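This report refers to the structure that appears directly beneath it.
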Amino acid sequence: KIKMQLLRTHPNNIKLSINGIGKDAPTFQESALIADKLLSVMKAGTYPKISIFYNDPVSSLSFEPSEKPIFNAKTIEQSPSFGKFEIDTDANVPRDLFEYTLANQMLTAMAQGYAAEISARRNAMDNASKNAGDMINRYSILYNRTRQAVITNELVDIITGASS
Amino acid sequence: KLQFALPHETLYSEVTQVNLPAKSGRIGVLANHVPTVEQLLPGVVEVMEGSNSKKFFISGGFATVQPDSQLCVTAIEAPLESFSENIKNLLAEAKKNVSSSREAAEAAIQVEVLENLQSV
Amino acid sequence: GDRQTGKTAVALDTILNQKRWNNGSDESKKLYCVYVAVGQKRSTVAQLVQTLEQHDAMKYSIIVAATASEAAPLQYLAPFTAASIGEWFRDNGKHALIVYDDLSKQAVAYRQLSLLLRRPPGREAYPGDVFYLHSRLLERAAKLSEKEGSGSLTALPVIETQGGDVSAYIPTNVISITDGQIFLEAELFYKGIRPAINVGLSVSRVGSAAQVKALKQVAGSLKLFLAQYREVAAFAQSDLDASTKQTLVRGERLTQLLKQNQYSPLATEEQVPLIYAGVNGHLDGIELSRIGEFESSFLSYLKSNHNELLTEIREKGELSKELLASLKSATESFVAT
Amino acid sequence: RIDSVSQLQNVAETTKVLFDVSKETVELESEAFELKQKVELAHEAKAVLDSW
Amino acid sequence: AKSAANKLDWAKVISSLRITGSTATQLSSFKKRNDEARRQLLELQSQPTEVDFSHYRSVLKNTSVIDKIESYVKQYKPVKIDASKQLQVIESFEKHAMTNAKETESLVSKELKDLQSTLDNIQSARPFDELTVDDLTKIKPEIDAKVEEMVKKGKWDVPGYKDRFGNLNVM
């Protein structure tokens, strides 16, 4: 669904897209694999930033679309406090941490989005039912008016007959 | 303090001593410990809160003693002991499947995990 | 309510409970029931007759019979004729109950007659003075002043609904004239709830001066609980709060309780205990299948343990603090087993 | 332990009462069978009589 | 009436709450209730004793067969003989029951006073600090027996000593 809306606005910009996710609730397997493909296919570490958009479920009556930036390995490198998070050259923490937070941030984003989506679905479908009720009632009045009119012509028919 | 958490359940979000296996071998954290990041190697973990000791099997992750003495442990899923011989037999099958080459590497991680489990 | 959904059966049940009261020597409790079979096939009335003989109710019954084949003038005058019989009892200070079944077909007969007299049709092709006719009949059911004797005639007209259309001219008119309606809910009937009534659409405006004092006390709650059960029905049609679920259980047990296989009447002194238990939600624990079993068992238990309590409830007519005390203990003990 | 024992003390006598009472009631209920035969005979008699 | 029986029954149900070994005991009680209610509904159901040959023979023109069944009911006035016969079996049960009851009662009464005494003995005698280890050996030669076998075995750690008398060791 989000593929369709963006695909209209820019189709070239769509380079890699992912389908067959939406059915299930967010899961690590999915996030990890999507991340893995994102790294391999799009080489996203060389992209100046990453930004992910999702739907923050502001309240369980609302959803505000929100985004956050996935901090790349360069960011981790050049963050000043990192010595008060001491680690050795060996087992270079940026090169694991980037990838690890690619999934962790993505999975969390996914969870927030899906939670907003299903919540909204309940809300919307409820409002739909209400809107349908109003339309039911509007056609009911028309039905009643039409029903009444049939009666009137029939009564006239009986009288017209009787008079003869 | 410990803040063991997963995107599944929050385990141990003071937890006096925690013993962890990291790519730096094994690391133990006690009360005020210096604030580090350590990538957690896939692990057999002991968590002690006072004298009581609880025994996680952990999918590897990240450990971060924060300077507010909060040991943020982040891992996908983790005690291990209730899960526990057919897994070692099927792991031997996965080792034979390591004949098939990423699939070999996957199967190798599986063999590593069996060895790590089998120790307990 | 809806056509032949054991419409007659709902009515017949009252007559059978009235057999008990009739046996009673108080002659205000001797309601000499009258069933007015209007356009009802002789076979249908034959079933009624045999049922009446079986429950020994023939010995105060009157069946004025205007059968399906019988002429529309006879059908027209049939409740009027019947009413005069009723006046004799009423005027004599006695009480009696007259059940007009069904005035909808009575209406059709008057229509047939009026058209044959070339007297004009009116709304819903029914005569306009059908209203006048019905009002005349229904003004003969009356609780007479004591100078004119205590006696009364009670009536319960039965109106057959064409798919629940109470908007129909003959229903609208009667609803205004009468005080109360019982609106039997056909969906419930189809869903196998016998009696089938929605009490959202049943009302009585003769109120609690026609309710036993004891029964009033333990049924303010009952009305409210069932109302909630209805409203909170749609909160089950979703994964939702424990509070709703508590209501639903309490409601479901109550709903199940008010079922009753037709042609079994009940004494008021056994209406009250069953309602007391349900009101106190002591049937919540009792699983639905065991609800049916519980009722009769509780009653027999009440007879073995203290049929004095039942008799006492009956004669006081009001649940004393002492009766509610003894009852609370007793209900608990039975419920426990 | 004292609590447990105290239950048993009161029980031991009182149970013997119910034991007797329960079987006694059952014995009386036997005699009700003879009642049943009186009841039965009458019901049958009314039915034959009705047929006449 | 029935209420005397039932008062003990429900009392026994709430006593059975306190002690449950019952299997079919409650089913026997259930049975005794069942037949008690069965006789009551029988006795309330009870038909008219004799043919109403006052009305219904004088109804009938087919007379003298109402007189036949009148005489048949009065013939069959023995409708069935006594069903009180239990007086041997009720006593058999009562003797065994009484035996069991009294045995139990006597045992628990003994134990109750023994427990009162036991509570008193711990209360009026109890060393708090001082107490010779010899006084404990005097109270249990089990002590010296365990010590001698443990020395013979070469176990100088006592299992459980650690787990409630935490180690004090240089290491």
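The numbers here are math on the coordinates, done by the rules we state, and not lab data. Cβ coordinates were reconstructed from backbone atoms using ideal geometry, including for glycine residues, and neighbour counts include every protein chain displayed.
Of note:
- The charge dipole of the protein assembly as shown, taken about its Cα centre with unit charges on the Cβ atoms of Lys, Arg (+1), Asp and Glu (-1) only, comes to about 2580 debye.
- A Förster radius of 60 Å, combined with the Cβ-Cβ distance separating residue E:113 from residue C:308, puts the computed FRET efficiency at roughly 0.90.
- Axial C-alpha extent at least 18 Å, average Kyte-Doolittle at least 0.0 - helices from chain A (DSSP): A:28-42
- Highest GNM mean-square fluctuation among E:24, E:125, E:101, for chain E modelled with Cα contacts below 10 Å: E:24.
- Label-point separation, residue A:25 to residue C:296 (7 Å along Cα→Cβ), nm: 4.6 nm
- Computed over neighbours whose Cβ is under 11 Å from that of residue C:119, the net charge equals +1, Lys and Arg +1, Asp and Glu -1.
- Calculated mean residue ellipticity, 222 nm, chain E: -20500 deg cm²/dmol, from DSSP H runs (n ≥ 4) at -39500 (n - 2.57) each, averaged per residue and rounded to 500.
- Across chain C the C-alpha pair distances fall into 20 Å bins from zero in the proportions 26, 55, 18, 1 percent.
- If a spin label sat at a point 7 angstrom from the Cα of residue C:148 along the line to its beta carbon, the backbone N atoms of segment C:69-113 nearer than 11 Å would be those of C:91.
- Annotation for segment E:65-171: chymotrypsin sites (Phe, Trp or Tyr not before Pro) lying in DSSP loop with at most 15 further Cβ atoms inside 10 Å of their Cβ are E:76, E:128, E:156, E:161, E:165.
- For segment E:8-111, the Cβ-based charge dipole about the Cα centre amounts to some 240 debye (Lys, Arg positive; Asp, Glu negative; other atoms uncharged).
- For residue C:287, net neighbour charge (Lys/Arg +1, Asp/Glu -1) across residues whose Cβ lies under 15 Å away: -1
- Pair residue D:52, residue A:37: separation of 7 Å Cα→Cβ label points (nm): 9.7 nm
- A simple count of charges around residue B:36, restricted to other residues whose Cβ falls under 11 Å of its Cβ and scoring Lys, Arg +1 and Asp, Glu -1, yields -2.
- Förster-model FRET efficiency, 25 Å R0, residue E:64 and residue D:40, C-beta, rounded to 0.05: 0.55
- Restraint check, E:32/E:77; C:259/D:38; A:3/A:23, Cα-Cα greater than 24 Å: E:32/E:77; C:259/D:38
- Taking the longest Cα principal axis of chain D as reference, the axis of helix D:2-51 is set at about 0 degrees.
- Inter-label distance, nm, simple model (7 Å from Cα along the C-beta direction), residue E:147/residue C:132: 12.2 nm
- Dipole check for segment C:209-337: with +1 at the C-beta of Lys and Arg, -1 at the C-beta of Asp and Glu, and the Cα centre as origin, the magnitude is about 260 Debye.
- Legend: residue pairs C:191/C:328; C:105/C:147; C:29/C:147; D:36/E:2, Cα-Cα distance threshold 30 Å; pairs beyond threshold, C:191/C:328; C:105/C:147.
- Against chain E, whose longest principal axis is taken from its Cα atoms, helix E:2-16 shows a tilt of about 20°.
- DSSP-assigned coil residues among trypsin sites (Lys or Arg not before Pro) in segment C:1-71, each with at most 16 further Cβ atoms within 10 Å: C:3, C:29, C:41, C:59
- Dipole of segment C:1-211 [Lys/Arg +1, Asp/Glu -1 at C-beta], most positive-end residue of C:196, C:54, C:64: C:64
- Helical runs (DSSP H, four residues minimum) scored at -39500 (n - 2.57) apiece and divided by the length of chain C put the mean residue ellipticity at 222 nm at -17000 deg cm²/dmol.
- Taken residue by residue and averaged, Cβ atoms of other chains lying within 10 Å of the Cβ of E:108-114 number 4.
- Shielding of peptide D:41-52 by partners, expressed as the average count of other chain Cβ atoms within 10 Å per residue Cβ, is 6.
- Compared with the dominant Cα axis of chain E, that is its longest principal axis, helix E:25-45 is turned about 20°.
- Burial order of peptide ranges A:87-96, A:38-47 (average beta-carbon count within 10 Å, highest first): A:87-96, A:38-47
- A Förster radius of 51 Å combined with the Cβ-Cβ distance from residue B:103 to residue A:125 puts the calculated FRET efficiency at roughly 0.70.
- Per residue, chain A reaches -21500 deg cm²/dmol at 222 nm when only DSSP H runs of four or more residues are counted, each adding -39500 (n - 2.57).
- Applying both filters, DSSP loop and at most 14 other Cβ atoms within 10 Å, to the trypsin sites (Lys or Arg not before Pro) of chain D gives D:1.
- Averaged over the residues of peptide C:300-308, the number of Cβ atoms from other protein chains lying within 10 Å of each residue's Cβ is 5.
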